[PDB]
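Q: Let me begin by handing over the structure; questions about it come next.
Reconstructed Cβ throughout: ideal geometry from the backbone, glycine too, with neighbour counts over all protein chains shown. What follows draws every value from the coordinates through simple rules; no lab data is involved.
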């Protein structure tokens, strides 16, 4: 029923396609750097620190996620 | 003694830093350094040099007046 609907309503993008220009993503350079926005009028500091990860496809996102799970997450309303 | 987080109030100043491994230790060592060093020298020569010249000439005269004094010329 979904494929039926997809042909019923989306078919209308045929005719001709991609005949003049096609865009594929270029890799993006990671830079080990720092940005410090110093504001002594806000009551709490926010800090986000990161290394370069591998990307969607990489099999070793699983092991990363596991390591992340171990460290986890905390918030003042946790009862533990 | 004082420590970070207690020194003073500062608002609205972003600072962008780079890792030392991402950058070069001597960006333009001679092409910027030499223009700078002359600029630094020109800034101070009229303030540091004039007493040293004044010393040097007192030194060179004083020593020349020392030796050319104990020898005679008449009896």
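Q: Take the alpha carbon atoms of region B:1-60, find their center, do the same for region A:4-22, and report the distance between the two centers in whole angstrom.
A: Centre-to-centre (Cα) distance: 64 Å.
Q: Pairing the Cα long axis of helix B:33-70 with the longest principal axis of chain B, what angle in degrees results, from 0 to 90 and rounded to the nearest 10?
A: Approximately 20 degrees, to the nearest 10.
Q: I need the shape label for the protein assembly as shown. Rule: rounded when a/c is under 1.5, else prolate if a/b > b/c, else oblate, with a, b, c from the alpha carbon gyration tensor. Provide the component values of the computation, followed by the final result.
A: Working: a/c = 4.32, a/b = 2.49, b/c = 1.73.
Prolate is the answer for the protein assembly as shown, as a/c is 1.5 or above and a/b outweighs b/c.
Q: For chain B, report the translational diffusion coefficient in µm²/s to the nearest whole number, using Stokes-Einstein at 10 °C, 1.306 mPa s, and a Kirkwood Rh over Cα pairs. Before the final figure, lay out each step's value.
A: Working: Rh = 19.6 Å.
Approximately 81 µm²/s, per Stokes-Einstein.
Q: I would also like to ask the following. With springs only between Cα atoms under 10 Å, which of B:48, B:37, B:13 fluctuates most in a Gaussian network model of chain B?
A: B:13
Q: Additional query: Please find the FRET efficiency linking residue B:73 to residue B:53, where r is the Cβ-Cβ separation and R0 is fixed at 41 Å, and quote it to the nearest 0.05. Mind showing how you got there, number by number?
A: Details: r = 32 Å, r/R0 = 0.78.
So, using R0 = 41 Å, E works out to roughly 0.80.
Q: At what distance in nm do the modelled label points of residue A:56 and residue A:75 sit from each other, each positioned 7 Å from its Cα along Cα→Cβ?
A: Modelled inter-label distance: 2.8 nm.
Q: Moving to a separate point now. Under a GNM of chain B (C-alpha, springs under 10 Å), which listed residue has the highest mean-square fluctuation: B:14, B:45, B:34?
A: Highest fluctuation among the options: B:14.
Q: I've got another one for you. Let me have the 222 nm mean residue ellipticity of the protein assembly as shown computed from DSSP H runs of 4+ only, each contributing -39500 (n - 2.57), with the sum over all residues rounded to the nearest 500. Write down the numbers at each step before the final one.
A: On the way: 3 runs with 57 residues, N = 155.
Using -39500 (n - 2.57) per qualifying helix, the result is -12500 deg cm²/dmol.
Q: Send over the semi-axes of chain A's equivalent ellipsoid, whole angstrom and largest first, taken as the square roots of 5 times the C-alpha gyration tensor eigenvalues. Walk me through the intermediate numbers first.
A: On the way: eigenvalues 361, 102, 69 Å².
Those come to 42, 23, 19 Å.
Q: Helix A:61-71 versus the longest principal axis of chain A: what angle, 0 to 90°, nearest 10, using Cα atoms?
A: For A:61-71 against chain A, the angle is about 30 degrees.
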